[PDB]
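Read the single chain below, which is given as structure tokens and is the form deposited in one PDB entry.
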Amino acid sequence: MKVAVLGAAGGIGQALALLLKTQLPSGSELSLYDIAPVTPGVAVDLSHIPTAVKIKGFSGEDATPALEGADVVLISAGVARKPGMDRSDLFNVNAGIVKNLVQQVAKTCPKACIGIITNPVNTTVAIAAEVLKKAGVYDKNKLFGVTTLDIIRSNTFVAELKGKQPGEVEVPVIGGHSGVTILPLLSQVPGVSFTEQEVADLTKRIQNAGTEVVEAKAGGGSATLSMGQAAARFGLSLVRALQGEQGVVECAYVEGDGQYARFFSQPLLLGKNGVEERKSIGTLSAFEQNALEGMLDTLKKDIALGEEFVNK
């Protein structure tokens, strides 16, 4: 299988590429692409690690050589924080980058599975889908918003609270990937219960966890290493499914049946063609039902913004 990382020179992209060079199955190929001129040197640095994963890097404006033959494209390009740029400015920069890179995908490797890491995922996945539909190549089973950082953060905070081994906790997290749209289903964690205060407190922590890192970095950066790790979990899961492994399940933000919104994160069985089955969210507690209903207005507006970005 061949994986392309678009945005490979950034902090997320370098962490993701290091993890993929060391954990992709033997005989995989990895390409790195970013406008930054350092990118071929990022790939040469990684090529010195003795795993059976061939790696090459590419720069300039044209991602084609990285995309040729790609089975999975992970798009982590964009900016989290830049001097002088406020939320709207960052959104327009990231939206523009996603629109450009997904158009390159649609041209070169339109049958690849695509994982959008670039934030804000609630909107950038809708931009990606609109670009793909315009190209006439959209497959709703092959476009994912990578929401895995919310899952691994939830696993960490629940294992700390509940006195569990961190690698043994798995929290389902549904909805979207920002603020009140992130819905950790603490009611479905087996073996334990939470008080209403613990649910409110953990949900708030999970929904604001990105700030927690910005703050400790004295405003000097944002979550990059954990995002790299989260993206590698999702990329390696998709690779295993694409190679034929069965029973691989991950939550991700995908276009679904529209019960709640056009795009929605829910547990997915993955298979050889991307999503194999969109699994039910299961039973919700009263707090979860209310938080779900409460955020749908916001999530639907996020989605609409991506649609309107691509045309206007």
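Numbers for residues come from their place in the sequence shown, where the first is 1.
Quick note: we don't show the form deposited with a small molecule bound, though the next part is all about it.
Undergrad: Within 4.5 Å, heavy atoms only, one stretch in 201 to 209, 233 to 241, 154 to 162, 110 to 118 touches the small molecule in the bound PDB entry. Which?
TA: Comparing against the small molecule in the bound PDB entry, the contact stretch is 110 to 118.
Undergrad: Check residue 25 for me: does it contact the small molecule in the bound PDB entry (non-hydrogen atoms, 4.5 angstroms)?
TA: Residue 25: no contact with the small molecule in the bound PDB entry.
Undergrad: With a 4.5 Å heavy atom cut-off, would you call residue 123 a contact of the small molecule in the bound PDB entry?
TA: Heavy-atom contact with the small molecule at 4.5 Å: absent for residue 123.
Undergrad: Residue 222 near the small molecule in the bound PDB entry, any heavy atom under 4.5 Å?
TA: Yes.
Undergrad: Taking heavy atoms and a 4.5 Å cut-off, does residue 249 contact the small molecule in the bound PDB entry?
TA: Result no; residue 249 lies far from the small molecule in the bound PDB entry.
Undergrad: 229, 187, 141, 100: which sits within 4.5 Å of the small molecule in the bound PDB entry by any heavy atom?
TA: So the residue touching the small molecule in the bound PDB entry, by this definition, is 100.
Undergrad: Here the chain is shown alone; which of 106, 174, 149, 171 has a heavy atom within 4.5 Å of the small molecule in the bound PDB entry?
TA: Contact with the small molecule in the bound PDB entry is made by 149 alone.
Undergrad: Since the partner isn't included here, can you check whether the small molecule sits close to all of 4, 57 and 67 in the bound PDB entry (heavy atom within 4.5 Å for each)?
TA: Checked in the bound PDB entry: no contact with the small molecule for any of the three.
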